[PDB]
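Source file: data_16.cif (mmCIF, C-alpha atoms (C1' of nucleotides) and all ligand atoms)
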```cif
data_target
#
loop_
_atom_site.label_atom_id
_atom_site.label_comp_id
_atom_site.auth_asym_id
_atom_site.auth_seq_id
_atom_site.Cartn_x
_atom_site.Cartn_y
_atom_site.Cartn_z
CA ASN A 94 54.45 -9.87 48.61
CA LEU A 95 51.34 -8.96 46.61
CA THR A 96 53.60 -7.81 43.77
CA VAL A 97 55.30 -11.20 43.72
CA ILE A 98 51.99 -13.05 43.76
CA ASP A 99 50.51 -10.94 40.95
CA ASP A 100 53.72 -11.54 38.97
CA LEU A 101 53.30 -15.24 39.45
CA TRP A 102 49.66 -14.79 38.47
CA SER A 103 50.64 -12.35 35.73
CA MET A 104 53.00 -14.73 33.93
CA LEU A 105 50.77 -15.43 30.92
CA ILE A 106 49.74 -13.54 27.79
CA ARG A 107 46.61 -11.47 28.45
CA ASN A 108 46.48 -9.69 31.81
CA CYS A 109 42.69 -9.34 31.92
CA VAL A 124 41.32 -14.18 34.41
CA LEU A 125 43.24 -17.38 33.61
CA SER A 126 41.38 -18.99 30.72
CA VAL A 127 41.26 -22.66 29.78
CA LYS A 128 43.26 -21.78 26.66
CA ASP A 129 45.84 -19.94 28.78
CA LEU A 130 46.25 -22.81 31.20
CA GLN A 131 46.43 -25.09 28.19
CA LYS A 132 49.16 -22.91 26.67
CA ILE A 133 51.23 -23.09 29.82
CA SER A 134 50.70 -26.77 30.38
CA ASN A 135 51.39 -27.54 26.76
CA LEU A 136 54.64 -25.54 26.76
CA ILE A 137 56.14 -26.92 29.94
CA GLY A 138 55.83 -30.40 28.25
CA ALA A 139 52.39 -31.66 29.43
CA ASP A 140 50.56 -34.20 27.42
CA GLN A 141 47.24 -33.17 28.98
CA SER A 142 43.91 -33.83 27.34
CA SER A 143 41.57 -30.93 26.68
CA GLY A 144 39.47 -32.61 29.34
CA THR A 145 42.42 -32.69 31.74
CA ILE A 146 41.76 -29.28 33.28
CA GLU A 147 41.68 -30.80 36.76
CA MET A 148 43.72 -28.20 38.64
CA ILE A 149 42.28 -25.21 36.78
CA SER A 150 38.84 -26.83 36.61
CA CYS A 151 38.74 -27.39 40.37
CA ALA A 152 40.33 -23.97 40.90
CA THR A 153 37.11 -22.28 39.70
CA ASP A 154 35.48 -21.11 42.95
CA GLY A 155 32.72 -18.87 41.57
CA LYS A 156 32.03 -21.14 38.56
CA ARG A 157 32.63 -18.70 35.71
CA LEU A 158 34.81 -21.33 33.89
CA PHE A 159 37.99 -19.37 34.62
CA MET A 160 40.44 -18.66 37.47
CA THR A 161 40.69 -15.13 38.85
CA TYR A 162 43.45 -13.76 41.10
CA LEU A 163 41.77 -14.69 44.40
CA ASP A 164 41.20 -18.25 43.19
CA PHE A 165 44.78 -18.48 41.96
CA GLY A 166 45.96 -17.33 45.38
CA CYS A 167 43.83 -20.00 47.06
CA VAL A 168 45.20 -22.72 44.79
CA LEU A 169 48.75 -21.79 45.77
CA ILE B 541 83.74 -45.65 33.45
CA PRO B 542 82.92 -42.23 31.97
CA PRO B 543 84.11 -39.04 33.69
CA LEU B 544 81.76 -37.43 36.18
CA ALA B 545 79.70 -34.33 35.54
CA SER B 546 80.97 -31.09 37.04
CA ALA B 547 79.39 -29.36 40.03
CA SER B 548 77.22 -27.28 37.69
CA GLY B 549 76.21 -30.57 36.04
CA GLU B 550 78.24 -30.21 32.84
CA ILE B 551 78.79 -33.45 30.96
CA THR B 552 81.91 -34.19 28.94
CA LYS B 553 80.94 -35.19 25.41
CA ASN B 554 82.53 -36.68 22.30
CA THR B 555 83.64 -34.91 19.12
CA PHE B 556 80.08 -34.61 17.78
CA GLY B 557 78.86 -32.93 20.98
CA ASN B 558 76.94 -36.00 22.12
CA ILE B 559 77.46 -38.63 24.79
CA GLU B 560 77.42 -42.23 23.60
CA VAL B 561 75.36 -44.37 25.94
CA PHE B 562 75.07 -47.97 24.73
CA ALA B 563 75.10 -49.52 28.23
CA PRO B 564 73.91 -48.41 31.71
CA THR B 565 77.60 -48.50 32.67
CA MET B 566 78.14 -45.64 30.19
CA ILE B 567 76.01 -43.18 32.20
CA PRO B 568 78.21 -41.08 34.52
CA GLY B 569 77.84 -42.04 38.16
CA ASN B 570 76.42 -38.64 39.16
CA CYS B 571 74.18 -38.44 36.07
CA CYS B 572 71.00 -39.97 34.70
CA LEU B 573 69.64 -40.81 31.26
CA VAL B 574 66.24 -39.36 30.35
CA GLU B 575 64.81 -40.89 27.17
CA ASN B 576 62.05 -38.83 25.57
CA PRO B 577 61.29 -37.30 22.14
CA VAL B 578 61.30 -33.84 23.77
CA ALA B 579 63.95 -34.29 26.48
CA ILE B 580 66.31 -32.22 24.34
CA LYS B 581 63.85 -29.39 23.74
CA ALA B 582 63.26 -29.43 27.49
CA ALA B 583 66.90 -29.30 28.58
CA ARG B 584 67.53 -26.53 26.04
CA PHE B 585 64.49 -24.67 27.33
CA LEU B 586 65.70 -24.81 30.93
CA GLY B 587 69.11 -23.64 29.70
CA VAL B 588 70.62 -26.25 32.04
CA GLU B 589 73.73 -28.34 31.34
CA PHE B 590 73.10 -31.60 29.48
CA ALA B 591 74.39 -33.79 26.69
CA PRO B 592 72.37 -35.45 23.91
CA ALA B 593 72.46 -39.23 24.26
CA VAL B 594 73.36 -41.42 21.29
CA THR B 595 71.77 -44.71 22.35
CA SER B 596 72.09 -46.67 19.09
CA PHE B 597 72.55 -46.38 15.32
CA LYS B 598 69.76 -46.34 12.74
CA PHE B 599 70.74 -48.08 9.51
CA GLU B 600 68.91 -46.52 6.59
CA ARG B 601 68.72 -46.31 2.80
CA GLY B 602 71.31 -45.17 0.26
CA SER B 603 74.56 -46.06 2.04
CA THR B 604 74.60 -44.20 5.34
CA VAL B 605 74.30 -44.99 9.05
CA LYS B 606 72.62 -42.42 11.33
CA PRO B 607 72.89 -41.91 15.11
CA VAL B 608 69.71 -42.31 17.15
CA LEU B 609 69.61 -39.42 19.64
CA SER B 610 66.90 -40.85 21.89
CA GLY B 611 67.34 -38.31 24.70
CA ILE B 612 69.52 -36.52 27.23
CA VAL B 613 72.09 -37.18 29.94
CA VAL B 614 71.87 -34.64 32.77
CA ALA B 615 73.17 -34.59 36.31
CA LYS B 616 71.06 -36.50 38.83
CA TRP B 617 69.94 -33.44 40.82
CA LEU B 618 68.28 -32.01 37.70
CA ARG B 619 66.23 -35.12 36.89
CA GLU B 620 62.95 -33.84 38.31
CA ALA B 621 63.50 -30.40 36.79
CA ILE B 622 63.88 -32.11 33.42
CA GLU B 623 60.91 -34.39 34.14
CA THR B 624 58.82 -31.29 34.90
CA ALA B 625 60.06 -29.69 31.71
CA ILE B 626 59.19 -32.76 29.68
CA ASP B 627 56.09 -33.50 31.85
CA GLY B 628 54.41 -30.09 31.93
CA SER B 648 49.26 -29.67 39.04
CA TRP B 649 48.73 -25.94 39.47
CA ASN B 650 51.69 -25.56 41.84
CA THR B 651 53.99 -27.55 39.54
CA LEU B 652 52.96 -25.54 36.47
CA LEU B 653 53.35 -22.25 38.35
CA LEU B 654 56.72 -23.15 39.91
CA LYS B 655 58.07 -24.18 36.51
CA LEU B 656 56.91 -20.80 35.20
CA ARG B 657 58.65 -19.10 38.12
CA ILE B 658 61.81 -20.99 37.37
CA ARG B 659 61.64 -20.37 33.64
CA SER B 660 61.61 -16.68 34.38
CA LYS B 661 64.21 -16.50 37.09
CA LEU B 662 66.36 -18.37 34.53
CA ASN B 663 65.76 -16.55 31.23
CA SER B 664 66.62 -13.12 32.61
"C1'" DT C 1 62.41 -1.05 -6.96
"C1'" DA C 2 61.63 -3.64 -2.12
"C1'" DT C 3 59.22 -8.35 -0.63
"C1'" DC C 4 57.90 -12.48 -0.07
"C1'" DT C 5 57.67 -17.38 -1.08
"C1'" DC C 6 59.92 -21.37 -2.05
"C1'" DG C 7 62.50 -24.77 -4.22
"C1'" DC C 8 66.96 -26.11 -3.55
"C1'" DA C 9 71.47 -28.24 -1.82
"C1'" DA C 10 73.23 -31.35 1.24
"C1'" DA D 1 77.87 -48.21 13.73
"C1'" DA D 2 77.69 -40.12 12.96
"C1'" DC D 3 78.68 -34.35 9.37
"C1'" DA D 4 76.76 -30.67 9.66
"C1'" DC D 5 71.96 -26.59 8.77
"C1'" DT D 6 70.51 -23.63 7.03
"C1'" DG D 7 72.15 -19.77 2.56
"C1'" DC D 8 70.74 -18.40 -2.14
"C1'" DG D 9 69.06 -17.38 -6.22
"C1'" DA D 10 64.63 -18.21 -9.39
"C1'" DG D 11 59.79 -15.39 -9.94
"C1'" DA D 12 57.35 -11.80 -8.71
"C1'" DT D 13 55.72 -6.77 -6.33
"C1'" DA D 14 53.26 -2.83 -4.37
CA CA E 701 43.59 -14.62 30.37
CA CA E 702 36.25 -18.28 38.77
#
```

What would you get if you wrote out this structure as structure tokens?
Amino acid sequence: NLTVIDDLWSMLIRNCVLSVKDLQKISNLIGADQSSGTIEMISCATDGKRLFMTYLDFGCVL
Amino acid sequence: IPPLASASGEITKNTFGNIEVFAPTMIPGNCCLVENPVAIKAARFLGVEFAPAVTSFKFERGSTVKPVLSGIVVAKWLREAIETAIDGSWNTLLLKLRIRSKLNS
DNA sequence: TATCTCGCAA
DNA sequence: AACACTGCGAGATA
């Protein structure tokens, strides 16, 4: 459901756009030795090019 | 041959709360050894059933030997969960978040 | 008089 | 060829 998807998309610490720092926080905490230049997923996720991932782009990545 | 892990994946451990694993033989048949500096933090974070693995003994100054806890013994079916936990695409990161939350509460 | 720091012991 | 890890009083405090 939409509620479930927003919850999945609302599992961070802001609630505003997924920022690089937010993705980094998640990837760092789940164990991920990822370079600052290892955005990859999030980087490619950026459809409109604003350097972040909004709800619609998150949905499309999933 | 060490005893098997339970259905829930619970390992039987020695008096210090660790499993001693000095030879592949010493891993339970239904279990696996995951060696990683953070494998413990991970297994604790998932709240899953594990046992810290004493793989050798560090001999050090003053007069005292020390156990080298180089990782974790978990059940086999939790290996990739652990590997995600130690290891962490978008779907993998999201799914681990989904799990972490269905688990905490 | 309530509050941190922080060394300190093992 | 394995003990644990955190309590507890020093000075200082608006
Ligand atoms: Ca954000
Ligand atoms: Ca965007």

Selection within 7 Å of ligand CA 702 (chain E) by only C-alpha atoms (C1' of nucleotides) and all ligand atoms, output as a PDB file with C-alpha atoms, in the frame of the given file:
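Saved the output as result-v1.pdb:
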```pdb
ATOM      1  CA  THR A 153      37.110 -22.280  39.700  1.00  0.00           C
ATOM      2  CA  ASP A 154      35.480 -21.110  42.950  1.00  0.00           C
ATOM      3  CA  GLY A 155      32.720 -18.870  41.570  1.00  0.00           C
ATOM      4  CA  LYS A 156      32.030 -21.140  38.560  1.00  0.00           C
ATOM      5  CA  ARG A 157      32.630 -18.700  35.710  1.00  0.00           C
ATOM      6  CA  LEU A 158      34.810 -21.330  33.890  1.00  0.00           C
ATOM      7  CA  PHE A 159      37.990 -19.370  34.620  1.00  0.00           C
ATOM      8  CA  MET A 160      40.440 -18.660  37.470  1.00  0.00           C
ATOM      9  CA  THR A 161      40.690 -15.130  38.850  1.00  0.00           C
ATOM     10  CA  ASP A 164      41.200 -18.250  43.190  1.00  0.00           C
TER      11      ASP A 164
END
```

Residue with smallest distance to ligand CA 701 (chain E) - pool A:168, A:133, A:139, A:97, counting all atoms listed in the file: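 Using all atoms listed in the file, the shortest distance to ligand CA 701 (chain E) belongs to A:133.
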
Of the candidates B:607, B:577, B:549, B:569, which shows the shortest atom-to-atom distance to chain D, using only C-alpha atoms (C1' of nucleotides)? B:607

Long-range neighbours of residue 12 in chain D as a PyMOL selection string, 10 Å cut-off, all atoms listed in the file, 5 positions minimum in chain: chain C and resi 3-5

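Considering only C-alpha atoms (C1' of nucleotides) and all ligand atoms, the residues that reside within 8 Å of ligand CA 701 (chain E) can be listed as residues 105, 106, 107, 108, 109, 124, 125, 126 and 129 of chain A.
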
Restricting it to C-alpha atoms, dump the selection as a PDB file, in the frame of the given file.
```pdb
ATOM      1  CA  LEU A 105      50.770 -15.430  30.920  1.00  0.00           C
ATOM      2  CA  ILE A 106      49.740 -13.540  27.790  1.00  0.00           C
ATOM      3  CA  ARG A 107      46.610 -11.470  28.450  1.00  0.00           C
ATOM      4  CA  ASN A 108      46.480  -9.690  31.810  1.00  0.00           C
ATOM      5  CA  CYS A 109      42.690  -9.340  31.920  1.00  0.00           C
ATOM      6  CA  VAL A 124      41.320 -14.180  34.410  1.00  0.00           C
ATOM      7  CA  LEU A 125      43.240 -17.380  33.610  1.00  0.00           C
ATOM      8  CA  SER A 126      41.380 -18.990  30.720  1.00  0.00           C
ATOM      9  CA  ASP A 129      45.840 -19.940  28.780  1.00  0.00           C
TER      10      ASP A 129
END
```

To one decimal place in Å, what is the distance between CA of residue 543 in chain B and CA of residue 606 in chain B?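 That distance, rounded to one decimal, is 25.4 Å.
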
Rounded to one decimal, what separation in Å do you get between CA of residue 104 in chain A and CA of residue 135 in chain A? 14.8 Å

Here CA of residue 567 in chain B and CA of residue 598 in chain B stand apart by 20.7 Å

Would you list the contacts of residue 4 in chain D as a short mmCIF file (atom, residue, chain, number, x, y, z; two decimals) with C-alpha atoms (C1' of nucleotides), in the frame of the given file, taking every protein, DNA or RNA residue within 12 Å and counting all atoms listed in the file, but skipping same-chain residues closer than 2 positions in sequence?
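Now in result18.cif:
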```cif
data_model
loop_
_atom_site.label_atom_id
_atom_site.label_comp_id
_atom_site.auth_asym_id
_atom_site.auth_seq_id
_atom_site.Cartn_x
_atom_site.Cartn_y
_atom_site.Cartn_z
CA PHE B 556 80.08 -34.61 17.78
CA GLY B 557 78.86 -32.93 20.98
"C1'" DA C 10 73.23 -31.35 1.24
"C1'" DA D 2 77.69 -40.12 12.96
"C1'" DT D 6 70.51 -23.63 7.03
#
```

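Near chain B, the residues of chain A that fall inside 10 Å (using all atoms listed in the file) are residues 100, 101, 102, 104, 105, 130, 133, 134, 135, 136, 137, 138, 139, 140, 141, 146, 147, 148, 149, 152, 165, 168 and 169 of chain A.
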
Give me, as a list in words, all polymer residues having an atom no more than 12 Å from residue 6 in chain C, counting all atoms listed in the file and skipping those fewer than 3 positions away in the same chain.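 Within the cut-off, the hits are residues 8, 9, 10, 11 and 12 of chain D.
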
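Each of B:560, B:575, B:589, B:620 was compared to chain D using only C-alpha atoms (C1' of nucleotides), and B:560 turns out to be the nearest.
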
Near residue 572 in chain B, within 8 Å and counting only C-alpha atoms (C1' of nucleotides), which residues show up once chain neighbours fewer than 6 positions away are dropped, as a compact mmCIF listing (two decimals) with C-alpha atoms, in the frame of the given file?
```txt
# COMPACT_ATOMS: atom_id res chain seq x y z
CA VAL B 613 72.09 -37.18 29.94
CA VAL B 614 71.87 -34.64 32.77
CA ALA B 615 73.17 -34.59 36.31
CA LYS B 616 71.06 -36.50 38.83
CA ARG B 619 66.23 -35.12 36.89
```

Supply range 102-152 of chain A as an mmCIF file, in the frame of the given file, with N, CA and C atoms built in where the input has gaps.
```
data_model
loop_
_atom_site.group_PDB
_atom_site.id
_atom_site.type_symbol
_atom_site.label_atom_id
_atom_site.label_comp_id
_atom_site.auth_asym_id
_atom_site.auth_seq_id
_atom_site.Cartn_x
_atom_site.Cartn_y
_atom_site.Cartn_z
ATOM 1 N N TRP A 102 50.977 -14.681 39.092
ATOM 2 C CA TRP A 102 49.660 -14.790 38.470
ATOM 3 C C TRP A 102 49.608 -14.028 37.154
ATOM 4 N N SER A 103 50.581 -13.146 36.945
ATOM 5 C CA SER A 103 50.640 -12.350 35.730
ATOM 6 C C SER A 103 51.747 -12.834 34.790
ATOM 7 N N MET A 104 51.973 -14.144 34.777
ATOM 8 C CA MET A 104 53.000 -14.730 33.930
ATOM 9 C C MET A 104 52.371 -15.485 32.755
ATOM 10 N N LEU A 105 51.446 -14.827 32.064
ATOM 11 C CA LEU A 105 50.770 -15.430 30.920
ATOM 12 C C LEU A 105 50.885 -14.552 29.682
ATOM 13 N N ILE A 106 49.756 -14.320 29.019
ATOM 14 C CA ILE A 106 49.740 -13.540 27.790
ATOM 15 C C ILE A 106 48.368 -12.901 27.559
ATOM 16 N N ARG A 107 47.900 -12.141 28.544
ATOM 17 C CA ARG A 107 46.610 -11.470 28.450
ATOM 18 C C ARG A 107 46.520 -10.329 29.458
ATOM 19 N N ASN A 108 46.553 -10.676 30.740
ATOM 20 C CA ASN A 108 46.480 -9.690 31.810
ATOM 21 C C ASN A 108 45.086 -9.125 32.058
ATOM 22 N N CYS A 109 44.032 -9.858 31.714
ATOM 23 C CA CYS A 109 42.690 -9.340 31.920
ATOM 24 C C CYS A 109 42.135 -9.638 33.306
ATOM 25 N N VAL A 124 41.953 -12.878 34.519
ATOM 26 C CA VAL A 124 41.320 -14.180 34.410
ATOM 27 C C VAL A 124 42.215 -15.165 33.673
ATOM 28 N N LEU A 125 42.501 -16.314 34.291
ATOM 29 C CA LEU A 125 43.240 -17.380 33.610
ATOM 30 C C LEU A 125 42.244 -18.224 32.827
ATOM 31 N N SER A 126 42.330 -18.200 31.499
ATOM 32 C CA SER A 126 41.380 -18.990 30.720
ATOM 33 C C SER A 126 41.850 -20.424 30.516
ATOM 34 N N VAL A 127 40.911 -21.273 30.074
ATOM 35 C CA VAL A 127 41.260 -22.660 29.780
ATOM 36 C C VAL A 127 42.361 -22.705 28.734
ATOM 37 N N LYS A 128 42.254 -21.842 27.715
ATOM 38 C CA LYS A 128 43.260 -21.780 26.660
ATOM 39 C C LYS A 128 44.608 -21.317 27.183
ATOM 40 N N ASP A 129 44.603 -20.426 28.173
ATOM 41 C CA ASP A 129 45.840 -19.940 28.780
ATOM 42 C C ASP A 129 46.483 -21.040 29.610
ATOM 43 N N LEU A 130 45.683 -21.711 30.441
ATOM 44 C CA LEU A 130 46.250 -22.810 31.200
ATOM 45 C C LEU A 130 46.771 -23.840 30.226
ATOM 46 N N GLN A 131 45.994 -24.121 29.176
ATOM 47 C CA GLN A 131 46.430 -25.090 28.190
ATOM 48 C C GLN A 131 47.769 -24.664 27.610
ATOM 49 N N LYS A 132 47.916 -23.371 27.288
ATOM 50 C CA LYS A 132 49.160 -22.910 26.670
ATOM 51 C C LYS A 132 50.320 -23.177 27.598
ATOM 52 N N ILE A 133 50.127 -22.900 28.892
ATOM 53 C CA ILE A 133 51.230 -23.090 29.820
ATOM 54 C C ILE A 133 51.506 -24.573 29.952
ATOM 55 N N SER A 134 50.458 -25.353 30.231
ATOM 56 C CA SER A 134 50.700 -26.770 30.380
ATOM 57 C C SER A 134 51.249 -27.359 29.099
ATOM 58 N N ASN A 135 50.780 -26.938 27.929
ATOM 59 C CA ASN A 135 51.390 -27.540 26.760
ATOM 60 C C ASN A 135 52.874 -27.208 26.638
ATOM 61 N N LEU A 136 53.235 -25.924 26.869
ATOM 62 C CA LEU A 136 54.640 -25.540 26.760
ATOM 63 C C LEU A 136 55.605 -26.114 27.775
ATOM 64 N N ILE A 137 55.160 -26.392 29.000
ATOM 65 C CA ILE A 137 56.140 -26.920 29.940
ATOM 66 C C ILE A 137 56.366 -28.408 29.732
ATOM 67 N N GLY A 138 55.727 -29.008 28.695
ATOM 68 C CA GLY A 138 55.830 -30.400 28.250
ATOM 69 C C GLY A 138 54.597 -31.319 28.365
ATOM 70 N N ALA A 139 53.416 -30.824 28.764
ATOM 71 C CA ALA A 139 52.390 -31.660 29.430
ATOM 72 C C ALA A 139 51.411 -32.331 28.508
ATOM 73 N N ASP A 140 51.573 -33.624 28.277
ATOM 74 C CA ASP A 140 50.560 -34.200 27.420
ATOM 75 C C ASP A 140 49.336 -34.266 28.316
ATOM 76 N N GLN A 141 48.453 -33.284 28.177
ATOM 77 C CA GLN A 141 47.240 -33.170 28.980
ATOM 78 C C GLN A 141 46.096 -33.105 27.983
ATOM 79 N N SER A 142 45.064 -33.900 28.214
ATOM 80 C CA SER A 142 43.910 -33.830 27.340
ATOM 81 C C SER A 142 43.161 -32.522 27.559
ATOM 82 N N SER A 143 42.359 -32.148 26.557
ATOM 83 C CA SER A 143 41.570 -30.930 26.680
ATOM 84 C C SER A 143 40.643 -31.056 27.874
ATOM 85 N N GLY A 144 40.331 -32.301 28.219
ATOM 86 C CA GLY A 144 39.470 -32.610 29.340
ATOM 87 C C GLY A 144 40.303 -32.932 30.567
ATOM 88 N N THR A 145 41.550 -32.469 30.583
ATOM 89 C CA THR A 145 42.420 -32.690 31.740
ATOM 90 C C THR A 145 42.692 -31.360 32.434
ATOM 91 N N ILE A 146 41.638 -30.572 32.616
ATOM 92 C CA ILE A 146 41.760 -29.280 33.280
ATOM 93 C C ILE A 146 42.140 -29.498 34.735
ATOM 94 N N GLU A 147 41.347 -30.317 35.422
ATOM 95 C CA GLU A 147 41.680 -30.800 36.760
ATOM 96 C C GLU A 147 42.000 -29.658 37.721
ATOM 97 N N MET A 148 43.273 -29.279 37.772
ATOM 98 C CA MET A 148 43.720 -28.200 38.640
ATOM 99 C C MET A 148 42.907 -26.932 38.382
ATOM 100 N N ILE A 149 42.999 -26.415 37.160
ATOM 101 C CA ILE A 149 42.280 -25.210 36.780
ATOM 102 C C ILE A 149 40.770 -25.386 36.938
ATOM 103 N N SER A 150 40.269 -26.540 36.511
ATOM 104 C CA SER A 150 38.840 -26.830 36.610
ATOM 105 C C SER A 150 38.363 -26.747 38.050
ATOM 106 N N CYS A 151 39.094 -27.391 38.952
ATOM 107 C CA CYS A 151 38.740 -27.390 40.370
ATOM 108 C C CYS A 151 39.023 -26.023 40.990
ATOM 109 N N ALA A 152 39.966 -25.291 40.406
ATOM 110 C CA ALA A 152 40.330 -23.970 40.900
ATOM 111 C C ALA A 152 39.169 -22.984 40.843
#
```
